[PDB]
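Right, one structure below, let's go through it.
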Amino acid sequence: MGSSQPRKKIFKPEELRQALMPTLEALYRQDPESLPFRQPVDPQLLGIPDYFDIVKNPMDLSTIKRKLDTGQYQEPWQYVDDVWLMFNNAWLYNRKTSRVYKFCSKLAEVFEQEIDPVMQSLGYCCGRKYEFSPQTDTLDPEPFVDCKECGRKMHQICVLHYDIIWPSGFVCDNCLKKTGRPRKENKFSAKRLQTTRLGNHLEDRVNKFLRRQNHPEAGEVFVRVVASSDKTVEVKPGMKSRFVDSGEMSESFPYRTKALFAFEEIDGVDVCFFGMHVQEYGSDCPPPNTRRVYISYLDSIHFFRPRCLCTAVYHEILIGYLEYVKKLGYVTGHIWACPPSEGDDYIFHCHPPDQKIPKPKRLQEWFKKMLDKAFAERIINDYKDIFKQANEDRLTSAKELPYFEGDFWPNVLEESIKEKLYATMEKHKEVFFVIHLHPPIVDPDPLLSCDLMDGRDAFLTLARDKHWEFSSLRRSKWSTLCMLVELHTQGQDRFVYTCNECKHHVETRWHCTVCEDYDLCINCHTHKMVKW
Ligand SMILES: CC(C)(COP(=O)(O)OP(=O)(O)OC[C@H]1O[C@@H](n2cnc3c(N)ncnc32)[C@H](O)[C@@H]1OP(=O)(O)O)[C@@H](O)C(=O)NCCC(=O)NCCS
Ligand SMILES: [Zn+2]
Ligand SMILES: [Zn+2]
Ligand SMILES: [Zn+2]
Ligand SMILES: [Zn+2]
């Protein structure tokens with residue numbers, strides 16, 4: 001196994017100890033919590049013959065101090081890997097309630113507190129030992145990268161490096177201004193996703209909502225429609241043999257589905273904090289589904305800054321969505337406000353351990369004050385739950401109720417043919433909403449084919465495989481980084497560009513610095529234009 005890197009950062013024993021040991025000391029100073037840790041665990045004093053079958057690499061403060069004093073640590077990470085072995089062996093063996101389990105956790109908050117600054121002035125990211133959350137005995141570790149010039153290993157996720165964005169390799173931040181060089185731009189930003197009129201309207205609406213509230217920690221929001229697709233929902237076999245064999249409802253029903261996410265700039269980087277999937281049923285779609293939209297799935301990560309503005313802006317996206325489709329020509333909208341089943345993640349792969357899933361009535365109340373704000377806003381002009389709507393509209397037939405993809409009702413009907421049914425309605429009135437908004441519908445936005453976002457399953461599976469967890473602010477940033485690379489670079493659309501005055505095909509063109517998608521010929525406008 002041949003190796004090389006020539007201007008390595010190597011640490012000689014006592015420069016390490018001069019930096020590292022103040023941290024060991026802070027552990028030792030913790031009294032009594034330190035005491036079961038100043039010595040190697042001795043199962044014959046303690047009375048635990050199982051120990052060495054359980055913890056197969058014992059570690060303790062004294063061993064660490066010996067390695068430090070004698071110089072057996074070449075790089076600081078070996079140091080910090082060794083104390084976390086100490087902690088991890090304790091949390092393993094001992095019961096979550098035992099005393100030394102508790103001792104241990106206190107040494108660890110102390111060590112976290114002390115280790116990060118020193119590892120940082122030694123030019124590393126943190127002093128932590130990170131493993132991804134358990135999958136379907138053992139856990140996967142966070143990735144590292146090596147500065148091409150230091151050689152000093154850093155958490156990939158900490159320093160947010162990805163070779164696709166910077167193919168020349170990773171180089172650290174201090175060596176970078178040693179280089180006189182700043183880091184090249186991450187072109188694969190939320191802002192730089194193709195923009196759409198739908199995405200713009202939601203984007204434009206909320207950020208000067210935020211402007212009106214004007215809290216200092218808030219950053220820019222970007223709303224992007226990352227997929228758009230023409231599908232049709234087939235009538236499930238029972239109801240179709242009973243109704244379209246008859247000729248009373250159509251076999252298929254066309255709809256356009258859109259997936260659209262919302263990003264905020266946090267610490268200088270895009271964080272994805274909201275995502276949604278709609279089904280839009282146009283004006284050519286036969287009854288019962290003509291001119292209506294349906295909010296399939298809605299999902300969220302709580303790292304929007306500030307949290308007090310957080311919920312309001314979710315509402316601003318939703319209400320802004322209905323505002324948009326209204327004017328296009330839609331007339332009614334439909335929310336199935338059903339809260340998650342089973343730690344079911346709707347769109348984002350590993351939610352924060354401490355962002356709790358709501359009970360259904362929380363979620364209904366939520367959606368209800370959602371709609372009240374828009375009613376007051378003169379956006380929606382009325383809304384009711386499904387029975388004040390259904391029996392107020394006098395419906396007696398199963399053909400009369402909108403029939404959506406993946407929706408509850410197609411499948412309550414579908415198995416109800418062998419076996420009563422207005423009652424199966426009456427139970428669940430509070431979970432389904434009917435939104436009254438009020439000349440063919442035509443969508444200005446082009447179709448975006450993105451297989452990763454066609455339906456919610458592709459993004460989730462890819463995230464499981466790539467460990468793009470949304471479970472911490474630092475992981476969401478990294479998961480957002482790579483989500484954005486997937487959208488930018490493995491979308492399915494090729495672009496043919498055309499001149500905005502003559503409609504002609506173009507290769508060379510003069511790109512406005514001004515308009516969001518504008519490109520004049522050479523056969524030539526008001527604005528400064530560059531050649532693209
Ligand atoms: C719907 C959603 C986007 C709205 O998020 P939100 O605006 O942050 O509000 P929530 O309904 O989560 O809860 C708001 C408050 O209630 C608390 N809370 C939420 N669920 C709770 C529960 N079941 N029990 C107790 N408290 C709860 C939260 O802590 C928060 O209060 P706080 O800041 O004082 O701590 C969010 O619930 C979400 O991401 N859901 C994912 C799955 C889901 O519910 N999908 C529904 C699609 S129809
Ligand atoms: Zn780190
Ligand atoms: Zn470096
Ligand atoms: Zn212009
Ligand atoms: Zn021209």
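By convention here, the chains of the structure tokens are called A, B, ... in the order presented, each chain's residues are numbered starting at 1, and ligands are numbered starting at 1 in the order presented.
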Hey, could you make a per-residue contact list for chain A against ligand 5 with 6 Å as the cut-off, showing the nearest pair of atoms and its distance in Å to one decimal, counting only C-alpha atoms and all ligand atoms, sorted by chain and number, as a Markdown table?
| residue | atom | partner | partner_atom_place_in_ligand_line | distance |
| --- | --- | --- | --- | --- |
| A:499 | CA | ligand 5 | 1 (Zn) | 5.9 |
| A:501 | CA | ligand 5 | 1 (Zn) | 5.4 |
| A:502 | CA | ligand 5 | 1 (Zn) | 4.6 |
| A:521 | CA | ligand 5 | 1 (Zn) | 4.0 |
| A:523 | CA | ligand 5 | 1 (Zn) | 4.9 |
| A:524 | CA | ligand 5 | 1 (Zn) | 5.7 |
Exercise: range 429-446 of chain A partners within 10 Å, only C-alpha atoms, chain neighbours under 4 positions left out, as a ChimeraX atom specification: /A:195-199,225,227-229,256,281-284,291-294,322-323,325-339,360-361,363-365,367-368,371,375,378-390,408,424-425
Using the chain letters and numbers from this document, which residues of range 92-292 of chain A does DSSP assign to strand (DSSP E), as a ChimeraX atom specification? /A:144-146,153-155,221-234,252-266,269-281,292
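Note that the spacing between CA of residue 347 in chain A and CA of residue 299 in chain A amounts to 5.8 Å.
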For range 114-119 of chain A, find every residue with an atom within 10 Å (counting only C-alpha atoms), except residues of its own chain fewer than 4 positions away, and show them as a PDB file with N, CA, C and O atoms, in the first residue's frame.
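Saved file around_6.pdb follows:
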ATOM      1  N   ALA A  19      -1.863  21.200  23.321  1.00  0.00           N
ATOM      2  CA  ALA A  19      -3.217  21.545  22.907  1.00  0.00           C
ATOM      3  C   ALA A  19      -4.250  20.622  23.543  1.00  0.00           C
ATOM      4  O   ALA A  19      -5.234  21.092  24.121  1.00  0.00           O
ATOM      5  N   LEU A  20      -4.024  19.308  23.460  1.00  0.00           N
ATOM      6  CA  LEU A  20      -5.065  18.324  23.733  1.00  0.00           C
ATOM      7  C   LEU A  20      -5.331  18.144  25.230  1.00  0.00           C
ATOM      8  O   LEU A  20      -6.487  18.109  25.667  1.00  0.00           O
ATOM      9  N   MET A  21      -4.287  18.015  26.040  1.00  0.00           N
ATOM     10  CA  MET A  21      -4.507  17.620  27.429  1.00  0.00           C
ATOM     11  C   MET A  21      -5.373  18.562  28.266  1.00  0.00           C
ATOM     12  O   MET A  21      -6.007  18.058  29.211  1.00  0.00           O
ATOM     13  N   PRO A  22      -5.435  19.884  28.035  1.00  0.00           N
ATOM     14  CA  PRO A  22      -6.381  20.693  28.836  1.00  0.00           C
ATOM     15  C   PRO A  22      -7.778  20.115  28.814  1.00  0.00           C
ATOM     16  O   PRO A  22      -8.521  20.250  29.793  1.00  0.00           O
ATOM     17  N   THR A  23      -8.133  19.449  27.709  1.00  0.00           N
ATOM     18  CA  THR A  23      -9.422  18.773  27.582  1.00  0.00           C
ATOM     19  C   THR A  23      -9.483  17.528  28.464  1.00  0.00           C
ATOM     20  O   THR A  23     -10.459  17.329  29.197  1.00  0.00           O
ATOM     21  N   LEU A  24      -8.460  16.665  28.398  1.00  0.00           N
ATOM     22  CA  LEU A  24      -8.399  15.549  29.344  1.00  0.00           C
ATOM     23  C   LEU A  24      -8.546  16.044  30.774  1.00  0.00           C
ATOM     24  O   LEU A  24      -9.300  15.465  31.565  1.00  0.00           O
ATOM     25  N   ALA A  26     -10.135  18.620  31.912  1.00  0.00           N
ATOM     26  CA  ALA A  26     -11.496  19.028  32.241  1.00  0.00           C
ATOM     27  C   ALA A  26     -12.355  17.823  32.541  1.00  0.00           C
ATOM     28  O   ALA A  26     -13.310  17.918  33.318  1.00  0.00           O
ATOM     29  N   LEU A  27     -12.029  16.688  31.924  1.00  0.00           N
ATOM     30  CA  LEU A  27     -12.705  15.438  32.247  1.00  0.00           C
ATOM     31  C   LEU A  27     -12.324  14.980  33.647  1.00  0.00           C
ATOM     32  O   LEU A  27     -13.190  14.640  34.462  1.00  0.00           O
ATOM     33  N   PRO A  76      -4.446  14.524  16.038  1.00  0.00           N
ATOM     34  CA  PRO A  76      -5.427  14.698  17.128  1.00  0.00           C
ATOM     35  C   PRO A  76      -6.644  13.804  17.004  1.00  0.00           C
ATOM     36  O   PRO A  76      -7.287  13.507  18.013  1.00  0.00           O
ATOM     37  N   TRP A  77      -7.006  13.374  15.805  1.00  0.00           N
ATOM     38  CA  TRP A  77      -8.229  12.588  15.704  1.00  0.00           C
ATOM     39  C   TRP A  77      -8.090  11.248  16.416  1.00  0.00           C
ATOM     40  O   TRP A  77      -9.081  10.720  16.925  1.00  0.00           O
ATOM     41  N   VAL A  80      -9.139  11.946  19.897  1.00  0.00           N
ATOM     42  CA  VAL A  80     -10.553  12.127  20.150  1.00  0.00           C
ATOM     43  C   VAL A  80     -11.316  10.865  19.802  1.00  0.00           C
ATOM     44  O   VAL A  80     -12.426  10.653  20.295  1.00  0.00           O
ATOM     45  N   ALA A 108     -19.276  13.753  28.639  1.00  0.00           N
ATOM     46  CA  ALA A 108     -19.378  13.964  27.196  1.00  0.00           C
ATOM     47  C   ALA A 108     -19.878  15.367  26.851  1.00  0.00           C
ATOM     48  O   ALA A 108     -19.447  15.952  25.844  1.00  0.00           O
ATOM     49  N   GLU A 109     -20.833  15.906  27.626  1.00  0.00           N
ATOM     50  CA  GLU A 109     -21.166  17.305  27.392  1.00  0.00           C
ATOM     51  C   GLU A 109     -19.978  18.186  27.732  1.00  0.00           C
ATOM     52  O   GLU A 109     -19.707  19.169  27.040  1.00  0.00           O
ATOM     53  N   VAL A 110     -19.208  17.801  28.733  1.00  0.00           N
ATOM     54  CA  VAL A 110     -18.021  18.572  29.046  1.00  0.00           C
ATOM     55  C   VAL A 110     -17.002  18.469  27.917  1.00  0.00           C
ATOM     56  O   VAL A 110     -16.340  19.455  27.556  1.00  0.00           O
ATOM     57  N   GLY A 123      -7.019  23.412  13.452  1.00  0.00           N
ATOM     58  CA  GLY A 123      -7.348  23.412  12.043  1.00  0.00           C
ATOM     59  C   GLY A 123      -8.319  22.356  11.604  1.00  0.00           C
ATOM     60  O   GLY A 123      -8.403  22.082  10.404  1.00  0.00           O
ATOM     61  N   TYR A 124      -9.069  21.764  12.526  1.00  0.00           N
ATOM     62  CA  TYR A 124     -10.087  20.771  12.203  1.00  0.00           C
ATOM     63  C   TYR A 124     -11.464  21.388  12.413  1.00  0.00           C
ATOM     64  O   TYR A 124     -11.587  22.534  12.859  1.00  0.00           O
ATOM     65  N   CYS A 125     -12.506  20.606  12.110  1.00  0.00           N
ATOM     66  CA  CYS A 125     -13.867  21.111  12.144  1.00  0.00           C
ATOM     67  C   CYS A 125     -14.429  21.010  13.552  1.00  0.00           C
ATOM     68  O   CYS A 125     -14.785  22.016  14.175  1.00  0.00           O
ATOM     69  N   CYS A 126     -14.514  19.802  14.087  1.00  0.00           N
ATOM     70  CA  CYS A 126     -15.120  19.646  15.395  1.00  0.00           C
ATOM     71  C   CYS A 126     -14.237  18.688  16.194  1.00  0.00           C
ATOM     72  O   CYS A 126     -13.114  18.383  15.786  1.00  0.00           O
ATOM     73  N   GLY A 127     -14.748  18.198  17.322  1.00  0.00           N
ATOM     74  CA  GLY A 127     -14.098  17.105  18.027  1.00  0.00           C
ATOM     75  C   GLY A 127     -15.032  15.915  18.224  1.00  0.00           C
ATOM     76  O   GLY A 127     -14.781  15.052  19.074  1.00  0.00           O
ATOM     77  N   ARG A 128     -16.100  15.847  17.428  1.00  0.00           N
ATOM     78  CA  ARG A 128     -17.161  14.880  17.610  1.00  0.00           C
ATOM     79  C   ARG A 128     -16.933  13.612  16.798  1.00  0.00           C
ATOM     80  O   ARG A 128     -16.187  13.585  15.807  1.00  0.00           O
TER      81      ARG A 128
END
Neighbours of ligand 1 at 8 Å or closer, counting only C-alpha atoms and all ligand atoms: which residues, as a ChimeraX atom specification? /A:274,295-302,307-308,310-312,314,335-340,344-346,355-360,362-363,366
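With only C-alpha atoms as the atoms that count, the minimum distance from residue 172 in chain A to the choices A:157, A:374, A:150, A:473 is reached by A:150.
Each residue with an atom within 8 Å of any atom of ligand 3 appears in the list, which was built counting only C-alpha atoms and all ligand atoms: residues 123, 147, 148, 149, 150, 151, 152, 171, 172, 173, 174, 175 and 176 of chain A.
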Which residues are near ligand 4 - at most 6 Å, using only C-alpha atoms and all ligand atoms? Format: as a ChimeraX atom specification. /A:512,514-515,518,527
Contacts of residue 87 in chain A at 10 Å (only C-alpha atoms; same-chain gap of 2+ positions) as a count of residues only: 18
Extract, using only C-alpha atoms, all DNA, RNA and protein residues at most 9 Å from residue 403 in chain A, discarding same-chain residues fewer than 4 positions from it, and format them as a ChimeraX atom specification. /A:233,235,253,288-289,399,407,409-410
Serialized selection, N, CA, C and O atoms, as a PDB file, in the first residue's frame:
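Generated output (again-v6.pdb):
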ATOM      1  N   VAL A 233     -55.082   9.330 -13.398  1.00  0.00           N
ATOM      2  CA  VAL A 233     -55.493   8.368 -12.372  1.00  0.00           C
ATOM      3  C   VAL A 233     -56.564   7.442 -12.931  1.00  0.00           C
ATOM      4  O   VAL A 233     -57.634   7.898 -13.351  1.00  0.00           O
ATOM      5  N   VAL A 235     -59.578   4.756 -12.664  1.00  0.00           N
ATOM      6  CA  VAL A 235     -60.611   4.404 -11.689  1.00  0.00           C
ATOM      7  C   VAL A 235     -60.393   2.969 -11.213  1.00  0.00           C
ATOM      8  O   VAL A 235     -60.253   2.040 -12.025  1.00  0.00           O
ATOM      9  N   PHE A 253     -58.594   9.900 -15.420  1.00  0.00           N
ATOM     10  CA  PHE A 253     -58.759  11.331 -15.201  1.00  0.00           C
ATOM     11  C   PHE A 253     -57.395  12.002 -15.291  1.00  0.00           C
ATOM     12  O   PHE A 253     -56.517  11.716 -14.469  1.00  0.00           O
ATOM     13  N   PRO A 288     -66.207  13.870 -12.099  1.00  0.00           N
ATOM     14  CA  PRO A 288     -66.350  14.895 -11.060  1.00  0.00           C
ATOM     15  C   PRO A 288     -65.095  15.725 -10.721  1.00  0.00           C
ATOM     16  O   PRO A 288     -65.111  16.398  -9.691  1.00  0.00           O
ATOM     17  N   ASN A 289     -64.025  15.677 -11.509  1.00  0.00           N
ATOM     18  CA  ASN A 289     -62.767  16.250 -11.047  1.00  0.00           C
ATOM     19  C   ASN A 289     -62.413  17.568 -11.723  1.00  0.00           C
ATOM     20  O   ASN A 289     -61.296  18.056 -11.524  1.00  0.00           O
ATOM     21  N   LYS A 399     -70.256   8.547  -7.901  1.00  0.00           N
ATOM     22  CA  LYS A 399     -69.613   9.265  -9.000  1.00  0.00           C
ATOM     23  C   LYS A 399     -69.400  10.746  -8.719  1.00  0.00           C
ATOM     24  O   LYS A 399     -68.724  11.418  -9.506  1.00  0.00           O
ATOM     25  N   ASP A 407     -55.652   9.008  -2.994  1.00  0.00           N
ATOM     26  CA  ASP A 407     -56.571   9.572  -2.012  1.00  0.00           C
ATOM     27  C   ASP A 407     -57.331   8.472  -1.275  1.00  0.00           C
ATOM     28  O   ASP A 407     -57.515   7.351  -1.765  1.00  0.00           O
ATOM     29  N   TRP A 409     -60.595   8.272  -0.539  1.00  0.00           N
ATOM     30  CA  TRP A 409     -61.915   7.879  -1.001  1.00  0.00           C
ATOM     31  C   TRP A 409     -61.909   6.837  -2.102  1.00  0.00           C
ATOM     32  O   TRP A 409     -62.751   5.927  -2.044  1.00  0.00           O
ATOM     33  N   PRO A 410     -61.069   6.912  -3.132  1.00  0.00           N
ATOM     34  CA  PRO A 410     -61.078   5.823  -4.122  1.00  0.00           C
ATOM     35  C   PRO A 410     -60.995   4.440  -3.486  1.00  0.00           C
ATOM     36  O   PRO A 410     -61.646   3.502  -3.966  1.00  0.00           O
TER      37      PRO A 410
END
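Considering the residues A:182, A:36, A:143, A:237 and counting only C-alpha atoms and all ligand atoms, ligand 2 has its shortest atom-to-atom contact with A:143.
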Name all residues at most 10 Å from residue 217 in chain A (count only C-alpha atoms; drop same-chain ones fewer than 5 positions away) and give them as number ranges by chain. A: 266-267, 304-306
File of the preceding selection, C-alpha atoms, as an mmCIF file, in the first residue's frame:
data_model
loop_
_atom_site.group_PDB
_atom_site.id
_atom_site.type_symbol
_atom_site.label_atom_id
_atom_site.label_comp_id
_atom_site.auth_asym_id
_atom_site.auth_seq_id
_atom_site.Cartn_x
_atom_site.Cartn_y
_atom_site.Cartn_z
ATOM 1 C CA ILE A 266 -28.840 29.875 6.728
ATOM 2 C CA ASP A 267 -25.191 30.576 7.550
ATOM 3 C CA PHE A 304 -36.266 27.766 9.505
ATOM 4 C CA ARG A 305 -34.798 30.861 11.176
ATOM 5 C CA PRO A 306 -36.509 32.263 13.200
#
